[PDB]
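Undergrad: One structure coming up, written as structure tokens, with questions to follow.
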Amino acid sequence: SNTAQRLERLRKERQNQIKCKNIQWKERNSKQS
Amino acid sequence: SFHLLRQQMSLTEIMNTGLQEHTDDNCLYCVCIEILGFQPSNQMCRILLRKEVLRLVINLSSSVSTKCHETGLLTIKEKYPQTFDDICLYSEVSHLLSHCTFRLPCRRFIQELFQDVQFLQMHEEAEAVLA
Amino acid sequence: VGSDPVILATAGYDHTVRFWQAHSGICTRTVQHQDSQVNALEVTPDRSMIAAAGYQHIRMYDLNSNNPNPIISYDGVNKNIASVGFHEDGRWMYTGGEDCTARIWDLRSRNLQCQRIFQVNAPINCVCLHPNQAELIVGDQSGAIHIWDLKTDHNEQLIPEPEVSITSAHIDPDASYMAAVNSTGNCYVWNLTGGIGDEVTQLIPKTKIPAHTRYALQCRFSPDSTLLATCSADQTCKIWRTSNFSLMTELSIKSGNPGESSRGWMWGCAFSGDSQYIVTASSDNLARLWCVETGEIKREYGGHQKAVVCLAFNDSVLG
Ligand SMILES: [Zn+2]
């Protein structure tokens, strides 16, 4: 159907969207050390 | 409620009964416990997914941001395809579609993620009481 | 493939970074870099991974394999990244951002929390690392050079002249001088710390060389610490000696025709292992290979479509 095609369409890019490693900058440090 | 706490957190962050308007008179399966004689349904990881699914339904009733809410429901059906397989959740969604008002393209989007379901609980109980 | 003794990489506004070799002008690999422009790129000491930083994200690319995608990416900052660098042992990565924050990133995927944040009142342009990997230099747009020491948490503030923004700063590997340039072309040189023991971080004004009437873009030393090349906006590069700071060799790319009118600036320069051939990347959509003695170029690379404002060139330690 309509949303059935979109559901499998979204999975196609999900395979290629897990090839990148993202590291965020958390506001934590060795302040007490 | 889960609606208020959701805006300050994330779906993955929290992970690191859920039906609100669920009484024993307006459910497809729960209403047959007494009149027919069905058995009680069986089952913290899955209880936080019901609220996330439900809250996106309410936010979809305003049509302010349809694309954002529709995108959120599609991801859940991919990462957790088995969450749309409980009759009680479908009863809760169907009940909400009656009181609230939804646009036709949005209303057809709902009740369509449930097309490929089996609902084995109703089939098992109906066969036993009928035989 | 980065399995070569010497590698060369250029990037710019073309949204693609080209990998070159000094032996021939052919392009080994083309990597894709979307919706951003590369400010400055440097290779890890392990010579197996390269870093490209621009506009709030530092995309990391592989060298051993052929992957045109940013396998590793960093986020969190809200402005551009002026420059990046790595520890000699590849333990931590220090990045300078336009958001007035000079921070250090950790390369270990564990809760080490080896990251430190330094705050300044003006956006910074260049970040330099002391050869002993114990001190660090931060230069902002206010002309004030902050000497940051890793052992302590206090940084000395030195400003030669206000109202002028500095662009680059570098320290020779042999730890003999310490030079920096500003937005007017003056190249200030200070004698670095002589206290190798406790890092007394004392500085004195050695000399001033009046040159580069236009904007000064980048100044860098050489591995043998006998040469000093400073870029400029007048399409000229001058190489300075460490004996008496005289003009050793003058390099220019001007065509001599008034109809061009500064067709492209000269952004970056790099030395080789033997400090004999230098690689320059100008904003004329091409890069050239020069020689410090004959003056005339050696090879030319013209595979880019847009201007290139950054280049990375490293080879074997022996030479
Ligand atoms: Zn029920």
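Note on naming: chains are A, B, ... as they come in the structure tokens, residues start from 1 per chain, ligands start from 1 in the order shown.
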Show me which bits of chain A are within 12 Å of chain C, counting only C-alpha atoms, as a PyMOL selection string.

TA: chain A and resi 16-33

Undergrad: Restricting it to N, CA, C and O atoms, dump the selection as a PDB file, in the first residue's frame.

TA:
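Result saved to out_15.pdb:
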ATOM      1  N   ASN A  16      22.623   1.860   5.261  1.00  0.00           N
ATOM      2  CA  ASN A  16      23.749   2.732   4.956  1.00  0.00           C
ATOM      3  C   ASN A  16      23.941   3.838   5.984  1.00  0.00           C
ATOM      4  O   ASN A  16      24.932   4.572   5.903  1.00  0.00           O
ATOM      5  N   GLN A  17      23.028   3.978   6.941  1.00  0.00           N
ATOM      6  CA  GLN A  17      23.134   5.002   7.972  1.00  0.00           C
ATOM      7  C   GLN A  17      23.833   4.508   9.231  1.00  0.00           C
ATOM      8  O   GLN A  17      23.982   5.282  10.183  1.00  0.00           O
ATOM      9  N   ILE A  18      24.263   3.252   9.262  1.00  0.00           N
ATOM     10  CA  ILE A  18      24.944   2.685  10.417  1.00  0.00           C
ATOM     11  C   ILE A  18      26.433   2.486  10.138  1.00  0.00           C
ATOM     12  O   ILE A  18      27.123   1.815  10.904  1.00  0.00           O
ATOM     13  N   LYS A  19      26.937   3.061   9.050  1.00  0.00           N
ATOM     14  CA  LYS A  19      28.341   2.945   8.685  1.00  0.00           C
ATOM     15  C   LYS A  19      29.190   4.092   9.220  1.00  0.00           C
ATOM     16  O   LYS A  19      30.391   4.138   8.935  1.00  0.00           O
ATOM     17  N   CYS A  20      28.603   5.009   9.982  1.00  0.00           N
ATOM     18  CA  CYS A  20      29.310   6.162  10.521  1.00  0.00           C
ATOM     19  C   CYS A  20      29.275   6.126  12.043  1.00  0.00           C
ATOM     20  O   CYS A  20      28.243   5.816  12.644  1.00  0.00           O
ATOM     21  N   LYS A  21      30.409   6.447  12.658  1.00  0.00           N
ATOM     22  CA  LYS A  21      30.530   6.506  14.109  1.00  0.00           C
ATOM     23  C   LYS A  21      30.467   7.963  14.549  1.00  0.00           C
ATOM     24  O   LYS A  21      31.274   8.785  14.101  1.00  0.00           O
ATOM     25  N   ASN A  22      29.517   8.277  15.423  1.00  0.00           N
ATOM     26  CA  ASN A  22      29.314   9.632  15.917  1.00  0.00           C
ATOM     27  C   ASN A  22      29.644   9.689  17.400  1.00  0.00           C
ATOM     28  O   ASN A  22      29.092   8.918  18.193  1.00  0.00           O
ATOM     29  N   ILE A  23      30.538  10.599  17.770  1.00  0.00           N
ATOM     30  CA  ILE A  23      30.947  10.800  19.156  1.00  0.00           C
ATOM     31  C   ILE A  23      30.545  12.214  19.548  1.00  0.00           C
ATOM     32  O   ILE A  23      31.047  13.190  18.977  1.00  0.00           O
ATOM     33  N   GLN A  24      29.644  12.327  20.518  1.00  0.00           N
ATOM     34  CA  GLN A  24      29.183  13.630  20.965  1.00  0.00           C
ATOM     35  C   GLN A  24      30.081  14.161  22.080  1.00  0.00           C
ATOM     36  O   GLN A  24      30.812  13.416  22.739  1.00  0.00           O
ATOM     37  N   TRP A  25      30.017  15.473  22.289  1.00  0.00           N
ATOM     38  CA  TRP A  25      30.822  16.145  23.307  1.00  0.00           C
ATOM     39  C   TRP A  25      29.975  16.297  24.566  1.00  0.00           C
ATOM     40  O   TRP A  25      29.158  17.216  24.672  1.00  0.00           O
ATOM     41  N   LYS A  26      30.173  15.392  25.520  1.00  0.00           N
ATOM     42  CA  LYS A  26      29.478  15.467  26.796  1.00  0.00           C
ATOM     43  C   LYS A  26      30.195  16.446  27.717  1.00  0.00           C
ATOM     44  O   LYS A  26      31.429  16.494  27.747  1.00  0.00           O
ATOM     45  N   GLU A  27      29.419  17.227  28.469  1.00  0.00           N
ATOM     46  CA  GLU A  27      29.974  18.242  29.367  1.00  0.00           C
ATOM     47  C   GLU A  27      30.427  17.582  30.671  1.00  0.00           C
ATOM     48  O   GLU A  27      29.902  17.828  31.758  1.00  0.00           O
ATOM     49  N   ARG A  28      31.435  16.722  30.541  1.00  0.00           N
ATOM     50  CA  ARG A  28      32.021  16.032  31.680  1.00  0.00           C
ATOM     51  C   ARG A  28      33.536  16.044  31.547  1.00  0.00           C
ATOM     52  O   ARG A  28      34.077  15.972  30.441  1.00  0.00           O
ATOM     53  N   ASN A  29      34.214  16.133  32.686  1.00  0.00           N
ATOM     54  CA  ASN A  29      35.671  16.150  32.716  1.00  0.00           C
ATOM     55  C   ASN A  29      36.128  15.745  34.112  1.00  0.00           C
ATOM     56  O   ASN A  29      35.316  15.517  35.012  1.00  0.00           O
ATOM     57  N   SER A  30      37.447  15.659  34.284  1.00  0.00           N
ATOM     58  CA  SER A  30      38.039  15.318  35.578  1.00  0.00           C
ATOM     59  C   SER A  30      38.214  16.592  36.404  1.00  0.00           C
ATOM     60  O   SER A  30      39.319  17.012  36.754  1.00  0.00           O
ATOM     61  N   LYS A  31      37.074  17.217  36.707  1.00  0.00           N
ATOM     62  CA  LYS A  31      37.086  18.459  37.474  1.00  0.00           C
ATOM     63  C   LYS A  31      37.616  18.230  38.884  1.00  0.00           C
ATOM     64  O   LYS A  31      38.399  19.035  39.402  1.00  0.00           O
ATOM     65  N   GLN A  32      37.200  17.136  39.523  1.00  0.00           N
ATOM     66  CA  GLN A  32      37.634  16.836  40.880  1.00  0.00           C
ATOM     67  C   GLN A  32      38.996  16.156  40.936  1.00  0.00           C
ATOM     68  O   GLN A  32      39.573  16.056  42.023  1.00  0.00           O
ATOM     69  N   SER A  33      39.521  15.692  39.803  1.00  0.00           N
ATOM     70  CA  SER A  33      40.819  15.018  39.770  1.00  0.00           C
ATOM     71  C   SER A  33      41.938  16.027  39.496  1.00  0.00           C
ATOM     72  O   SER A  33      42.714  15.905  38.549  1.00  0.00           O
TER      73      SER A  33
END

Undergrad: Got a sec: who's within 8 Å of range 91-103 of chain B, counting only C-alpha atoms, leaving out chain neighbours fewer than 2 positions off, as a VMD selection string?

TA: chain B and resid 19 21 to 22 26 to 28 54 57 60 to 63 87 to 89 105 to 107 111

Undergrad: Can you tell me which residues surround residue 42 in chain B at a distance of at most 10 Å, considering only C-alpha atoms, apart from same-chain residues fewer than 2 positions away, and format the answer as number ranges by chain?

TA: B: 39-40, 86, 121

Undergrad: If you run DSSP on the backbone, which residues of chain B are helix (DSSP H, G or I), as an NGL selection string?

TA: :B and (2-6 or 11-15 or 30-32 or 47-59 or 66-79 or 83-85 or 87-99 or 104-109 or 120-130)

Undergrad: Quick check, in Å to one decimal: how far apart do CA of residue 269 in chain C and CA of residue 194 in chain C lie?

TA: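 These atoms are spaced 28.1 Å apart.
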
Undergrad: Find the spatial neighbours of residue 193 in chain C, counting only C-alpha atoms, within a cut-off of 7 Å - ignore same-chain residues fewer than 5 positions away - and output them as a PDB file with N, CA, C and O atoms, in the first residue's frame.

TA:
ATOM      1  N   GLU C 199      59.514  23.513  33.152  1.00  0.00           N
ATOM      2  CA  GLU C 199      58.686  24.287  32.226  1.00  0.00           C
ATOM      3  C   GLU C 199      58.379  25.676  32.791  1.00  0.00           C
ATOM      4  O   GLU C 199      57.231  26.033  33.062  1.00  0.00           O
ATOM      5  N   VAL C 200      59.444  26.463  32.966  1.00  0.00           N
ATOM      6  CA  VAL C 200      59.306  27.820  33.485  1.00  0.00           C
ATOM      7  C   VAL C 200      58.617  28.760  32.508  1.00  0.00           C
ATOM      8  O   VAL C 200      58.293  29.893  32.886  1.00  0.00           O
ATOM      9  N   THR C 201      58.386  28.309  31.274  1.00  0.00           N
ATOM     10  CA  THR C 201      57.662  29.028  30.216  1.00  0.00           C
ATOM     11  C   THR C 201      57.964  30.530  30.218  1.00  0.00           C
ATOM     12  O   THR C 201      57.084  31.378  30.372  1.00  0.00           O
ATOM     13  N   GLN C 202      59.242  30.846  30.027  1.00  0.00           N
ATOM     14  CA  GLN C 202      59.691  32.223  29.886  1.00  0.00           C
ATOM     15  C   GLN C 202      59.901  32.544  28.410  1.00  0.00           C
ATOM     16  O   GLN C 202      60.301  31.677  27.626  1.00  0.00           O
ATOM     17  N   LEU C 203      59.606  33.787  28.033  1.00  0.00           N
ATOM     18  CA  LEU C 203      59.703  34.223  26.647  1.00  0.00           C
ATOM     19  C   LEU C 203      60.347  35.599  26.583  1.00  0.00           C
ATOM     20  O   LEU C 203      60.146  36.428  27.474  1.00  0.00           O
TER      21      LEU C 203
END

Undergrad: Rank nothing, just name the residue among B:30, B:44, B:130, B:36 nearest to ligand 1, using only C-alpha atoms and all ligand atoms.

TA: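 Of B:30, B:44, B:130, B:36, the one nearest ligand 1 is B:30, counting only C-alpha atoms and all ligand atoms.
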
Undergrad: What gap, in Å, lies between CA of residue 1 in chain C and CA of residue 23 in chain C?

TA: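 Rounded to one decimal, the two atoms are 14.7 Å apart.
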
Undergrad: Got a sec: who's within 8 Å of residue 249 in chain C, counting only C-alpha atoms, leaving out chain neighbours fewer than 5 positions off, as a JSON list (two decimals) with N, CA, C and O atoms, in the first residue's frame?

TA:
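Contents of around02.json, freshly written:
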[["chain", "number", "residue", "atom", "x", "y", "z"],
["C", 238, "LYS", "N", 57.87, 33.77, 1.29],
["C", 238, "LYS", "CA", 59.27, 34.06, 1.58],
["C", 238, "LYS", "C", 59.80, 33.04, 2.58],
["C", 238, "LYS", "O", 59.15, 32.79, 3.61],
["C", 239, "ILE", "N", 60.96, 32.47, 2.29],
["C", 239, "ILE", "CA", 61.61, 31.49, 3.16],
["C", 239, "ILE", "C", 62.72, 32.20, 3.92],
["C", 239, "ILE", "O", 63.58, 32.85, 3.31],
["C", 240, "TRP", "N", 62.71, 32.07, 5.24],
["C", 240, "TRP", "CA", 63.65, 32.76, 6.11],
["C", 240, "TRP", "C", 64.58, 31.76, 6.78],
["C", 240, "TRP", "O", 64.17, 30.64, 7.13],
["C", 292, "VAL", "N", 63.64, 24.83, -2.77],
["C", 292, "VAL", "CA", 64.16, 25.94, -1.98],
["C", 292, "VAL", "C", 65.43, 26.55, -2.56],
["C", 292, "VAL", "O", 65.86, 27.61, -2.08],
["C", 293, "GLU", "N", 66.03, 25.94, -3.58],
["C", 293, "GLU", "CA", 67.28, 26.42, -4.14],
["C", 293, "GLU", "C", 67.10, 26.99, -5.54],
["C", 293, "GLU", "O", 67.45, 28.15, -5.79],
["C", 295, "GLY", "N", 64.34, 27.68, -7.09],
["C", 295, "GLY", "CA", 63.23, 28.62, -7.17],
["C", 295, "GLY", "C", 62.13, 28.16, -8.10],
["C", 295, "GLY", "O", 60.94, 28.29, -7.78]]

Undergrad: Taking only C-alpha atoms and all ligand atoms into account, which of B:73, B:67, B:122, B:7 comes nearest ligand 1?

TA: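 Closest to ligand 1, using only C-alpha atoms and all ligand atoms: B:122.
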
Undergrad: Quote the spacing between CA of residue 232 in chain C and CA of residue 12 in chain C in Å to one decimal place.

TA: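 Distance reported for this atom pair: 17.7 Å.
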
Undergrad: What residues in chain A have any atom no more than 12 Å from chain B when counting only C-alpha atoms, and can you write them as a ChimeraX atom specification?

TA: /A:1-14

Undergrad: Write the residues of the selection above to a file with N, CA, C and O atoms, as a CSV table (one decimal), in the first residue's frame.

TA:
chain,number,residue,atom,x,y,z
A,1,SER,N,0.8,-1.2,0.0
A,1,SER,CA,0.0,0.0,0.0
A,1,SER,C,0.9,1.3,0.0
A,1,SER,O,2.0,1.2,-0.5
A,2,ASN,N,0.3,2.4,0.5
A,2,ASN,CA,1.1,3.6,0.6
A,2,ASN,C,2.1,3.6,1.6
A,2,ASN,O,3.3,3.7,1.4
A,3,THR,N,1.7,3.4,2.9
A,3,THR,CA,2.7,3.4,4.0
A,3,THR,C,3.5,2.1,4.0
A,3,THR,O,4.6,2.1,4.6
A,4,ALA,N,3.0,1.0,3.4
A,4,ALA,CA,3.8,-0.2,3.3
A,4,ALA,C,5.1,0.1,2.5
A,4,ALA,O,6.2,-0.4,2.8
A,5,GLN,N,5.0,0.8,1.4
A,5,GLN,CA,6.1,1.1,0.5
A,5,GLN,C,7.1,2.0,1.3
A,5,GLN,O,8.3,1.9,1.2
A,6,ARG,N,6.6,3.0,2.1
A,6,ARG,CA,7.4,3.9,2.8
A,6,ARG,C,8.2,3.1,3.9
A,6,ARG,O,9.3,3.4,4.2
A,7,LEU,N,7.5,2.1,4.6
A,7,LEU,CA,8.1,1.4,5.6
A,7,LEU,C,9.4,0.7,5.2
A,7,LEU,O,10.4,0.7,5.8
A,8,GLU,N,9.3,0.0,4.0
A,8,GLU,CA,10.4,-0.7,3.4
A,8,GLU,C,11.4,0.3,2.8
A,8,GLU,O,12.6,0.0,2.8
A,9,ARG,N,10.9,1.4,2.3
A,9,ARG,CA,11.8,2.5,1.8
A,9,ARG,C,12.7,3.0,2.9
A,9,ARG,O,13.9,3.3,2.6
A,10,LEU,N,12.2,3.3,4.1
A,10,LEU,CA,12.9,3.8,5.1
A,10,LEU,C,14.0,2.8,5.6
A,10,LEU,O,15.1,3.3,6.0
A,11,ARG,N,13.8,1.5,5.5
A,11,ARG,CA,14.8,0.5,5.9
A,11,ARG,C,16.0,0.5,5.0
A,11,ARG,O,17.1,0.2,5.4
A,12,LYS,N,15.8,0.9,3.7
A,12,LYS,CA,16.9,0.9,2.8
A,12,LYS,C,18.0,1.8,3.2
A,12,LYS,O,19.2,1.5,3.1
A,13,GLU,N,17.7,3.1,3.6
A,13,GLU,CA,18.7,4.0,4.0
A,13,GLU,C,19.2,3.7,5.4
A,13,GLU,O,20.3,4.1,5.8
A,14,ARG,N,18.5,2.9,6.2
A,14,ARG,CA,18.9,2.5,7.5
A,14,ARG,C,20.2,1.7,7.5
A,14,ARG,O,21.0,1.7,8.4

Undergrad: Just the residues within 10 Å of residue 24 in chain C, please, counting only C-alpha atoms, with nothing from its chain fewer than 5 positions along; format it as an mmCIF file with C-alpha atoms, in the first residue's frame.

TA:
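Produced file part-v9.cif, reproduced below:
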data_model
loop_
_atom_site.group_PDB
_atom_site.id
_atom_site.type_symbol
_atom_site.label_atom_id
_atom_site.label_comp_id
_atom_site.auth_asym_id
_atom_site.auth_seq_id
_atom_site.Cartn_x
_atom_site.Cartn_y
_atom_site.Cartn_z
ATOM 1 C CA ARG C 299 55.524 19.562 -10.358
ATOM 2 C CA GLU C 300 52.011 20.966 -10.650
ATOM 3 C CA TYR C 301 48.700 19.419 -9.577
#

Undergrad: Per DSSP on the backbone, what are the strand (DSSP E) residues of range 129-196 of chain C, as a PDB file with N, CA, C and O atoms, in the first residue's frame?

TA:
ATOM      1  N   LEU C 129      51.146  23.206  19.339  1.00  0.00           N
ATOM      2  CA  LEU C 129      51.540  22.283  20.391  1.00  0.00           C
ATOM      3  C   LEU C 129      53.049  22.336  20.580  1.00  0.00           C
ATOM      4  O   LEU C 129      53.809  22.311  19.605  1.00  0.00           O
ATOM      5  N   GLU C 135      53.036  21.821  26.657  1.00  0.00           N
ATOM      6  CA  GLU C 135      52.511  23.175  26.553  1.00  0.00           C
ATOM      7  C   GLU C 135      51.690  23.306  25.275  1.00  0.00           C
ATOM      8  O   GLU C 135      51.747  22.460  24.380  1.00  0.00           O
ATOM      9  N   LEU C 136      50.924  24.390  25.195  1.00  0.00           N
ATOM     10  CA  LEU C 136      50.038  24.614  24.063  1.00  0.00           C
ATOM     11  C   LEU C 136      49.838  26.113  23.899  1.00  0.00           C
ATOM     12  O   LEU C 136      49.840  26.854  24.885  1.00  0.00           O
ATOM     13  N   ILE C 137      49.667  26.549  22.655  1.00  0.00           N
ATOM     14  CA  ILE C 137      49.579  27.963  22.315  1.00  0.00           C
ATOM     15  C   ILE C 137      48.220  28.232  21.688  1.00  0.00           C
ATOM     16  O   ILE C 137      47.808  27.528  20.759  1.00  0.00           O
ATOM     17  N   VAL C 138      47.528  29.248  22.197  1.00  0.00           N
ATOM     18  CA  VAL C 138      46.225  29.661  21.693  1.00  0.00           C
ATOM     19  C   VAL C 138      46.324  31.112  21.245  1.00  0.00           C
ATOM     20  O   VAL C 138      46.746  31.977  22.021  1.00  0.00           O
ATOM     21  N   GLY C 139      45.935  31.374  20.001  1.00  0.00           N
ATOM     22  CA  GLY C 139      45.943  32.724  19.477  1.00  0.00           C
ATOM     23  C   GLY C 139      44.588  33.163  18.963  1.00  0.00           C
ATOM     24  O   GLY C 139      43.998  32.495  18.110  1.00  0.00           O
ATOM     25  N   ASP C 140      44.086  34.284  19.469  1.00  0.00           N
ATOM     26  CA  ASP C 140      42.756  34.776  19.142  1.00  0.00           C
ATOM     27  C   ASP C 140      42.841  35.895  18.110  1.00  0.00           C
ATOM     28  O   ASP C 140      43.907  36.195  17.562  1.00  0.00           O
ATOM     29  N   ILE C 145      48.363  36.253  22.544  1.00  0.00           N
ATOM     30  CA  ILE C 145      48.805  34.865  22.499  1.00  0.00           C
ATOM     31  C   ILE C 145      48.749  34.306  23.913  1.00  0.00           C
ATOM     32  O   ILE C 145      49.390  34.839  24.826  1.00  0.00           O
ATOM     33  N   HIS C 146      47.983  33.235  24.096  1.00  0.00           N
ATOM     34  CA  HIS C 146      47.856  32.567  25.386  1.00  0.00           C
ATOM     35  C   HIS C 146      48.701  31.301  25.360  1.00  0.00           C
ATOM     36  O   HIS C 146      48.460  30.401  24.550  1.00  0.00           O
ATOM     37  N   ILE C 147      49.692  31.234  26.245  1.00  0.00           N
ATOM     38  CA  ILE C 147      50.530  30.048  26.386  1.00  0.00           C
ATOM     39  C   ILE C 147      49.886  29.158  27.443  1.00  0.00           C
ATOM     40  O   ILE C 147      49.959  29.446  28.640  1.00  0.00           O
ATOM     41  N   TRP C 148      49.252  28.079  27.000  1.00  0.00           N
ATOM     42  CA  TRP C 148      48.538  27.168  27.883  1.00  0.00           C
ATOM     43  C   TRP C 148      49.449  26.007  28.256  1.00  0.00           C
ATOM     44  O   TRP C 148      50.021  25.352  27.378  1.00  0.00           O
ATOM     45  N   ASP C 149      49.584  25.761  29.554  1.00  0.00           N
ATOM     46  CA  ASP C 149      50.391  24.663  30.065  1.00  0.00           C
ATOM     47  C   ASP C 149      49.479  23.544  30.547  1.00  0.00           C
ATOM     48  O   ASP C 149      48.529  23.783  31.300  1.00  0.00           O
ATOM     49  N   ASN C 155      47.260  29.986  32.289  1.00  0.00           N
ATOM     50  CA  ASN C 155      47.903  30.282  31.016  1.00  0.00           C
ATOM     51  C   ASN C 155      48.346  31.737  30.997  1.00  0.00           C
ATOM     52  O   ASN C 155      47.560  32.633  31.322  1.00  0.00           O
ATOM     53  N   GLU C 156      49.601  31.965  30.619  1.00  0.00           N
ATOM     54  CA  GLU C 156      50.109  33.324  30.500  1.00  0.00           C
ATOM     55  C   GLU C 156      49.563  33.983  29.241  1.00  0.00           C
ATOM     56  O   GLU C 156      49.472  33.357  28.181  1.00  0.00           O
ATOM     57  N   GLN C 157      49.196  35.256  29.361  1.00  0.00           N
ATOM     58  CA  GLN C 157      48.649  36.030  28.254  1.00  0.00           C
ATOM     59  C   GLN C 157      49.701  37.019  27.773  1.00  0.00           C
ATOM     60  O   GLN C 157      50.148  37.878  28.540  1.00  0.00           O
ATOM     61  N   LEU C 158      50.094  36.895  26.506  1.00  0.00           N
ATOM     62  CA  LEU C 158      51.077  37.778  25.895  1.00  0.00           C
ATOM     63  C   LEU C 158      50.474  38.381  24.635  1.00  0.00           C
ATOM     64  O   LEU C 158      49.923  37.658  23.800  1.00  0.00           O
ATOM     65  N   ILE C 166      45.946  37.769  14.823  1.00  0.00           N
ATOM     66  CA  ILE C 166      46.995  36.847  14.405  1.00  0.00           C
ATOM     67  C   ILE C 166      46.351  35.658  13.710  1.00  0.00           C
ATOM     68  O   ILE C 166      45.211  35.283  13.998  1.00  0.00           O
ATOM     69  N   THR C 167      47.088  35.058  12.781  1.00  0.00           N
ATOM     70  CA  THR C 167      46.562  33.984  11.948  1.00  0.00           C
ATOM     71  C   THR C 167      47.210  32.634  12.203  1.00  0.00           C
ATOM     72  O   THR C 167      46.515  31.617  12.203  1.00  0.00           O
ATOM     73  N   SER C 168      48.522  32.587  12.423  1.00  0.00           N
ATOM     74  CA  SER C 168      49.200  31.308  12.574  1.00  0.00           C
ATOM     75  C   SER C 168      50.316  31.431  13.601  1.00  0.00           C
ATOM     76  O   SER C 168      50.832  32.520  13.866  1.00  0.00           O
ATOM     77  N   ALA C 169      50.679  30.288  14.174  1.00  0.00           N
ATOM     78  CA  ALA C 169      51.781  30.197  15.120  1.00  0.00           C
ATOM     79  C   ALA C 169      52.328  28.780  15.072  1.00  0.00           C
ATOM     80  O   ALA C 169      51.561  27.820  14.963  1.00  0.00           O
ATOM     81  N   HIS C 170      53.651  28.654  15.151  1.00  0.00           N
ATOM     82  CA  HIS C 170      54.279  27.346  15.051  1.00  0.00           C
ATOM     83  C   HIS C 170      55.580  27.343  15.839  1.00  0.00           C
ATOM     84  O   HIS C 170      56.205  28.384  16.053  1.00  0.00           O
ATOM     85  N   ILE C 171      55.979  26.148  16.269  1.00  0.00           N
ATOM     86  CA  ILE C 171      57.218  25.931  17.004  1.00  0.00           C
ATOM     87  C   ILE C 171      58.032  24.886  16.258  1.00  0.00           C
ATOM     88  O   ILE C 171      57.499  23.840  15.868  1.00  0.00           O
ATOM     89  N   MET C 178      60.242  30.519  18.213  1.00  0.00           N
ATOM     90  CA  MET C 178      58.784  30.457  18.278  1.00  0.00           C
ATOM     91  C   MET C 178      58.251  31.679  17.542  1.00  0.00           C
ATOM     92  O   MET C 178      58.384  32.803  18.036  1.00  0.00           O
ATOM     93  N   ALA C 179      57.660  31.462  16.370  1.00  0.00           N
ATOM     94  CA  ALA C 179      57.244  32.542  15.490  1.00  0.00           C
ATOM     95  C   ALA C 179      55.728  32.573  15.335  1.00  0.00           C
ATOM     96  O   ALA C 179      55.047  31.554  15.474  1.00  0.00           O
ATOM     97  N   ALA C 180      55.211  33.765  15.044  1.00  0.00           N
ATOM     98  CA  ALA C 180      53.795  33.969  14.780  1.00  0.00           C
ATOM     99  C   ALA C 180      53.644  35.195  13.892  1.00  0.00           C
ATOM    100  O   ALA C 180      54.508  36.075  13.878  1.00  0.00           O
ATOM    101  N   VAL C 181      52.536  35.242  13.151  1.00  0.00           N
ATOM    102  CA  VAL C 181      52.251  36.343  12.242  1.00  0.00           C
ATOM    103  C   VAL C 181      50.855  36.876  12.530  1.00  0.00           C
ATOM    104  O   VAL C 181      50.011  36.197  13.119  1.00  0.00           O
ATOM    105  N   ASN C 182      50.619  38.115  12.100  1.00  0.00           N
ATOM    106  CA  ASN C 182      49.333  38.764  12.327  1.00  0.00           C
ATOM    107  C   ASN C 182      48.733  39.258  11.017  1.00  0.00           C
ATOM    108  O   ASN C 182      49.234  38.930   9.936  1.00  0.00           O
ATOM    109  N   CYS C 187      56.008  39.395  11.291  1.00  0.00           N
ATOM    110  CA  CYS C 187      56.284  38.051  11.792  1.00  0.00           C
ATOM    111  C   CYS C 187      57.106  38.185  13.069  1.00  0.00           C
ATOM    112  O   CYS C 187      58.321  38.398  13.018  1.00  0.00           O
ATOM    113  N   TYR C 188      56.439  38.064  14.212  1.00  0.00           N
ATOM    114  CA  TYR C 188      57.111  38.172  15.497  1.00  0.00           C
ATOM    115  C   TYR C 188      57.688  36.827  15.915  1.00  0.00           C
ATOM    116  O   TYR C 188      57.022  35.792  15.821  1.00  0.00           O
ATOM    117  N   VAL C 189      58.934  36.848  16.379  1.00  0.00           N
ATOM    118  CA  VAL C 189      59.645  35.646  16.801  1.00  0.00           C
ATOM    119  C   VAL C 189      60.106  35.849  18.236  1.00  0.00           C
ATOM    120  O   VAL C 189      60.748  36.860  18.547  1.00  0.00           O
ATOM    121  N   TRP C 190      59.780  34.897  19.103  1.00  0.00           N
ATOM    122  CA  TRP C 190      60.213  34.911  20.492  1.00  0.00           C
ATOM    123  C   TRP C 190      61.029  33.661  20.786  1.00  0.00           C
ATOM    124  O   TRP C 190      60.735  32.580  20.266  1.00  0.00           O
ATOM    125  N   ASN C 191      62.059  33.813  21.612  1.00  0.00           N
ATOM    126  CA  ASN C 191      62.797  32.654  22.092  1.00  0.00           C
ATOM    127  C   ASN C 191      61.929  31.876  23.074  1.00  0.00           C
ATOM    128  O   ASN C 191      61.351  32.453  24.000  1.00  0.00           O
TER     129      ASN C 191
END

Undergrad: For residue 3 in chain B, find every residue with an atom within 12 Å (counting only C-alpha atoms), except residues of its own chain fewer than 6 positions away, and show them as a ChimeraX atom specification.

TA: /B:9-10,20,48,50-59

Undergrad: With only C-alpha atoms and all ligand atoms as the atoms that count, which of B:33, B:49, B:76, B:4 lies nearest to ligand 1?

TA: B:33
